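Shown below, as structure tokens, is a lone chain in the form deposited in one PDB entry; questions about how it binds or moves come after it.
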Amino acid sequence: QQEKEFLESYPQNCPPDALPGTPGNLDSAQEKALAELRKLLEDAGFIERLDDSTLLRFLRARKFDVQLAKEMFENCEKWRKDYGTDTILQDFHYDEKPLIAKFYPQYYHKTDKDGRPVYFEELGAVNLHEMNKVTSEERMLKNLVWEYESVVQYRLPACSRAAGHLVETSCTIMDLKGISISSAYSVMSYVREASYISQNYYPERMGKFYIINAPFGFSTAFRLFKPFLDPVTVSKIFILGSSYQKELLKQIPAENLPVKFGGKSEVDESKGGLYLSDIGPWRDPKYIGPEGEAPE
């Protein structure tokens, strides 16, 4: 069973100081929840994505409500049916990316100090007017599921191997330099769909969320509203302004942080520059496993 060979390719435990209910750090309750949830799903169909990390994430999202989680899994597998996201890496081909990378820079670059894939999103620079000249919202969404599936089947295992421990989550950094009320309305549609996909079909994959170059007001307002969000989803959220450099450098090494954000990592501009790169442990022989290297 080669599927089995794949979960032994990389470290299976989250670090011991990781949040509760994460692989390797389970109390008895959590263990029993997992065993008898896996039962319900295995009962009558469901033979893949029944691994511990997958299920413990769903549960961690529905606060351990085996019943509710059984459904998130069911709705997820139902969406995978329809969207065709198994085999999405085969079918979909985002050929327009070199044309439109500049009008919505999204790119993964290296790892954080805990091994997470770092995900840079310069939403502030967005230009949907130009972007729609060559592509659609539904394609943009497909691409995100492509980058997500690529995160799940390639980036995370190699990050696990390079970090010495399971890595389940990513470190997102959003540059709002250039954002406007105007831009915010034009991306509203897309961000709503992307979030729905993220939260309900990729539970617990957000490990850190940095907003940088946020307007001066916004950062202040969030510190007072903080009590509304869960205390856990506040340890991940960070909201910064003009001077973001070395607050980033506290969670990402200067060797892994791109130069434009203060670090010293750099990419060869002749081969498409930062916006078209995909450097990381998942492109490193030391850490690519029995799954092969990821597509492009």
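Numbers follow the displayed sequence, beginning with 1. Whichever C-alpha set is largest while still superposing within 1.5 Å between the two forms counts as the rigid core.
Missing here is the form deposited in another entry; even so, the following discussion is about that form.
Comparing the two forms between this form and the one not shown on the rigid core, the single residue of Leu123, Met140, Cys76, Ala101 with a CA shift of 2 Å or greater is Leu123. Once you line up the core between this form and the one not shown, the Cα of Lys39 stays within less than 2 Å of where it was. Core-superposed comparison between this form and the one not shown: the CA of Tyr287 stays below a 2 Å shift. Core-aligned CA deviation for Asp27 between this form and the one not shown: less than 2 Å. Between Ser136 and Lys271, the Cα spacing is larger in the other form than in the shown form, differing by no less than 3 Å. Between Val191 and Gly124, the C-alpha separation grows by 3 Å or more in the other form, relative to the conformation displayed.
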